[PDB]
Each structure stands twice: as structure tokens, then as C-alpha cells.
$ cat structure.cif   # mmCIF, C-alpha atoms
data_model
loop_
_atom_site.label_atom_id
_atom_site.label_comp_id
_atom_site.auth_asym_id
_atom_site.auth_seq_id
_atom_site.Cartn_x
_atom_site.Cartn_y
_atom_site.Cartn_z
CA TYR A 252 5.29 -2.69 36.01
CA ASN A 253 8.28 -2.68 38.42
CA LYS A 254 10.31 0.05 36.66
CA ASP A 255 13.78 -1.00 37.85
CA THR A 256 16.64 0.10 35.57
CA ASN A 257 15.49 0.36 31.97
CA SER A 258 12.52 -0.23 29.64
CA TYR A 259 9.44 -1.05 31.68
CA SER A 260 9.05 -4.57 33.04
CA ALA A 261 5.75 -6.22 34.01
CA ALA A 262 4.19 -9.15 35.84
CA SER A 263 0.76 -10.65 35.20
CA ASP A 264 -1.38 -13.73 35.70
CA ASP A 265 -2.97 -15.96 33.05
CA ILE A 266 -4.24 -13.37 30.57
CA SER A 267 -2.35 -13.85 27.27
CA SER A 268 -3.00 -17.52 26.34
CA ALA A 269 -3.64 -16.75 22.66
CA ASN A 270 -2.14 -13.23 22.83
CA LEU A 271 1.46 -14.43 22.48
CA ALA A 272 1.16 -14.35 18.69
CA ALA A 273 0.54 -10.61 18.31
CA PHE A 274 2.73 -9.53 21.23
CA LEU A 275 5.82 -11.53 20.26
CA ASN A 276 5.32 -10.48 16.61
CA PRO A 277 4.63 -6.72 16.59
CA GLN A 278 4.61 -6.56 12.78
CA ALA A 279 2.45 -8.61 10.41
CA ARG A 280 5.11 -11.31 9.89
CA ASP A 281 7.71 -10.97 12.67
CA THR A 282 9.24 -14.17 14.07
CA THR A 283 10.62 -14.75 17.57
CA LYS A 284 13.11 -17.24 19.01
CA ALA A 285 12.53 -18.89 22.38
CA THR A 286 13.82 -21.69 24.61
CA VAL A 287 11.36 -24.31 25.89
CA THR A 288 12.06 -26.85 28.62
CA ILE A 289 9.94 -29.51 30.33
CA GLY A 290 12.13 -29.51 33.45
CA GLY A 291 15.89 -29.92 33.59
CA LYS A 292 15.79 -30.56 29.83
CA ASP A 293 16.04 -27.52 27.55
CA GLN A 294 15.00 -27.35 23.89
CA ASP A 295 15.46 -24.43 21.51
CA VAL A 296 12.41 -23.51 19.42
CA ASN A 297 11.24 -20.85 16.96
CA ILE A 298 7.78 -19.29 17.32
CA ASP A 299 5.80 -17.43 14.65
CA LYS A 300 2.23 -16.12 15.07
CA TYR B 252 3.41 -3.73 -9.21
CA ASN B 253 5.02 -1.27 -11.67
CA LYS B 254 8.53 -1.33 -10.22
CA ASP B 255 9.90 2.09 -11.23
CA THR B 256 12.75 3.27 -8.98
CA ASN B 257 12.30 1.97 -5.43
CA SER B 258 10.00 -0.08 -3.18
CA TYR B 259 7.40 -1.67 -5.42
CA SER B 260 4.35 0.37 -6.37
CA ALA B 261 0.95 -1.00 -7.42
CA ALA B 262 -2.41 -0.07 -8.93
CA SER B 263 -5.71 -1.76 -8.11
CA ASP B 264 -9.41 -1.21 -8.71
CA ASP B 265 -12.20 -0.94 -6.12
CA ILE B 266 -11.21 -3.65 -3.64
CA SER B 267 -10.59 -1.99 -0.24
CA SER B 268 -13.98 -0.54 0.80
CA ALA B 269 -13.14 -1.21 4.47
CA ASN B 270 -9.54 -2.51 4.26
CA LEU B 271 -7.96 0.95 4.60
CA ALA B 272 -7.71 0.69 8.39
CA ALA B 273 -5.52 -2.42 8.39
CA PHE B 274 -3.34 -1.30 5.48
CA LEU B 275 -2.62 2.22 6.74
CA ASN B 276 -2.44 1.03 10.38
CA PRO B 277 -0.44 -2.21 10.59
CA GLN B 278 -0.05 -1.74 14.35
CA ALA B 279 -2.75 -1.37 17.01
CA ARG B 280 -2.79 2.45 17.16
CA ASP B 281 -0.97 3.78 14.09
CA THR B 282 -2.23 7.08 12.68
CA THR B 283 -1.66 8.44 9.17
CA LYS B 284 -1.68 11.98 7.85
CA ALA B 285 -3.86 12.46 4.79
CA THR B 286 -5.39 15.04 2.46
CA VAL B 287 -9.02 15.10 1.31
CA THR B 288 -10.71 17.46 -1.13
CA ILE B 289 -14.13 17.69 -2.78
CA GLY B 290 -12.70 19.64 -5.73
CA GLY B 291 -11.20 23.08 -5.24
CA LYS B 292 -11.38 22.69 -1.43
CA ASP B 293 -8.13 21.20 -0.13
CA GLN B 294 -8.64 19.96 3.44
CA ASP B 295 -6.15 18.28 5.77
CA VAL B 296 -7.46 15.28 7.72
CA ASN B 297 -6.08 12.49 9.90
CA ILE B 298 -7.15 8.87 9.43
CA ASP B 299 -6.99 6.31 12.26
CA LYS B 300 -8.53 2.82 12.05
#
$ encode --input "structure.cif" --output "C-alpha cells"
Amino acid sequence: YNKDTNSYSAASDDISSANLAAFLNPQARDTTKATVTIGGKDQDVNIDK
Amino acid sequence: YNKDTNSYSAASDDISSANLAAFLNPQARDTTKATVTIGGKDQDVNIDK
């Protein structure tokens, strides 16, 4: 969890494939913004559940 | 939903035989204070999932 300066960080391997939905949306209908790139080419996306 | 003064109320018949856990605990470990009585015996209980 590499507690460095503030709220705890973390580092993990492939464990959350389908777990992004609940983690990124703590409530029943939260929505999260993210930036997705395929390499040198950024795109801005919105992710919900 | 009988909107009276504030955040909407409601009133429903026997529908939530097992649905109490999700409703009172939206998160993964929420706990709710509660009161239970059999009639003349007020008892204080905690409900979690």
C-alpha cells in the first residue's frame, strides 16, 4: 500500500477485471470520468458501472 | 411517495422479505441502528446485511 504522503496508495496485479464498476462507483449510481489512450493518442471518456 | 416537508417519503406493502440488507446497507459494510419490540418490551438492536 506504499503509504507515502497522504491517503493510502496501492499496487496490484490483474485482480479487478469486472470490479472496476463497484470500485469507481462507490454509491449505487455514481459516475466516474477517465482518460483512455491506445498509445500516443489520448481520448477522454466517461465510465459508469 | 407522500411528499410532506422534505426528502420524499413512501409507503409500501409486504415486498421486502429479504431486501432490507441492500436498502439499509447501500455500501459493502454499512450498519444501521434499529429498535425492535415484541410489545411492551423495547429492545435496542443493530442490523447489518
$ residues_around --input "structure.cif" --residues "residue B:280" --least-positions-apart "4" --cutoff "12 Å" --atoms "all atoms listed in the file" --output "MDAnalysis selection string"
(chainID A and resid 277) or (chainID B and resid 272:273 275:276 298:300)
$ resolve_selection --input "structure.cif" --expression "the PyMOL selection byres ((chain A and resi 252) around 8)" --output "VMD selection string"
chain A and resid 253 to 254 259 to 262
$ write_last_selection --input "structure.cif" --atoms "C-alpha atoms" --output "PDB file, in the frame of the given file"
ATOM      1  CA  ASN A 253       8.280  -2.680  38.420  1.00  0.00           C
ATOM      2  CA  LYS A 254      10.310   0.050  36.660  1.00  0.00           C
ATOM      3  CA  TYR A 259       9.440  -1.050  31.680  1.00  0.00           C
ATOM      4  CA  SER A 260       9.050  -4.570  33.040  1.00  0.00           C
ATOM      5  CA  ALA A 261       5.750  -6.220  34.010  1.00  0.00           C
ATOM      6  CA  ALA A 262       4.190  -9.150  35.840  1.00  0.00           C
TER       7      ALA A 262
END
$ atom_distance --input "structure.cif" --atom1 "atom CA of residue A:278" --atom2 "atom CA of residue A:263"
23.1 Å
$ atom_distance --input "structure.cif" --atom1 "atom CA of residue B:282" --atom2 "atom CA of residue B:295"
13.7 Å
$ atom_distance --input "structure.cif" --atom1 "atom CA of residue A:281" --atom2 "atom CA of residue A:296"
15.0 Å
$ build_atoms --input "structure.cif" --residues "stretch 265-280 of chain B" --atoms "N, CA and C atoms" --output "PDB file, in the frame of the given file"
ATOM      1  N   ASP B 265     -11.434  -1.055  -7.356  1.00  0.00           N
ATOM      2  CA  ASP B 265     -12.200  -0.940  -6.120  1.00  0.00           C
ATOM      3  C   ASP B 265     -12.239  -2.264  -5.362  1.00  0.00           C
ATOM      4  N   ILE B 266     -11.321  -2.419  -4.410  1.00  0.00           N
ATOM      5  CA  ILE B 266     -11.210  -3.650  -3.640  1.00  0.00           C
ATOM      6  C   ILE B 266     -11.181  -3.429  -2.135  1.00  0.00           C
ATOM      7  N   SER B 267     -10.868  -2.227  -1.651  1.00  0.00           N
ATOM      8  CA  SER B 267     -10.590  -1.990  -0.240  1.00  0.00           C
ATOM      9  C   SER B 267     -11.624  -1.086   0.422  1.00  0.00           C
ATOM     10  N   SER B 268     -12.913  -1.360   0.228  1.00  0.00           N
ATOM     11  CA  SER B 268     -13.980  -0.540   0.800  1.00  0.00           C
ATOM     12  C   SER B 268     -13.754  -0.291   2.291  1.00  0.00           C
ATOM     13  N   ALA B 269     -13.391  -1.334   3.038  1.00  0.00           N
ATOM     14  CA  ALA B 269     -13.140  -1.210   4.470  1.00  0.00           C
ATOM     15  C   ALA B 269     -11.706  -1.551   4.865  1.00  0.00           C
ATOM     16  N   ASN B 270     -10.868  -1.998   3.932  1.00  0.00           N
ATOM     17  CA  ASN B 270      -9.540  -2.510   4.260  1.00  0.00           C
ATOM     18  C   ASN B 270      -8.510  -1.407   4.483  1.00  0.00           C
ATOM     19  N   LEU B 271      -8.912  -0.137   4.423  1.00  0.00           N
ATOM     20  CA  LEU B 271      -7.960   0.950   4.600  1.00  0.00           C
ATOM     21  C   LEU B 271      -7.363   0.962   5.996  1.00  0.00           C
ATOM     22  N   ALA B 272      -8.172   0.626   7.004  1.00  0.00           N
ATOM     23  CA  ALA B 272      -7.710   0.690   8.390  1.00  0.00           C
ATOM     24  C   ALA B 272      -6.509  -0.219   8.610  1.00  0.00           C
ATOM     25  N   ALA B 273      -6.616  -1.481   8.192  1.00  0.00           N
ATOM     26  CA  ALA B 273      -5.520  -2.420   8.390  1.00  0.00           C
ATOM     27  C   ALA B 273      -4.285  -2.010   7.595  1.00  0.00           C
ATOM     28  N   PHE B 274      -4.477  -1.584   6.345  1.00  0.00           N
ATOM     29  CA  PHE B 274      -3.340  -1.300   5.480  1.00  0.00           C
ATOM     30  C   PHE B 274      -2.571  -0.078   5.972  1.00  0.00           C
ATOM     31  N   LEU B 275      -3.281   1.013   6.262  1.00  0.00           N
ATOM     32  CA  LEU B 275      -2.620   2.220   6.740  1.00  0.00           C
ATOM     33  C   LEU B 275      -2.182   2.110   8.197  1.00  0.00           C
ATOM     34  N   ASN B 276      -2.756   1.186   8.962  1.00  0.00           N
ATOM     35  CA  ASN B 276      -2.440   1.030  10.380  1.00  0.00           C
ATOM     36  C   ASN B 276      -2.076  -0.424  10.640  1.00  0.00           C
ATOM     37  N   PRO B 277      -0.855  -0.834  10.286  1.00  0.00           N
ATOM     38  CA  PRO B 277      -0.440  -2.210  10.590  1.00  0.00           C
ATOM     39  C   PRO B 277      -0.419  -2.525  12.069  1.00  0.00           C
ATOM     40  N   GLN B 278      -0.115  -1.546  12.912  1.00  0.00           N
ATOM     41  CA  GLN B 278      -0.050  -1.740  14.350  1.00  0.00           C
ATOM     42  C   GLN B 278      -1.417  -1.454  14.968  1.00  0.00           C
ATOM     43  N   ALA B 279      -1.480  -1.486  16.298  1.00  0.00           N
ATOM     44  CA  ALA B 279      -2.750  -1.370  17.010  1.00  0.00           C
ATOM     45  C   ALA B 279      -3.234   0.063  17.163  1.00  0.00           C
ATOM     46  N   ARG B 280      -2.362   1.067  17.002  1.00  0.00           N
ATOM     47  CA  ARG B 280      -2.790   2.450  17.160  1.00  0.00           C
ATOM     48  C   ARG B 280      -2.102   3.403  16.193  1.00  0.00           C
TER      49      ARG B 280
END
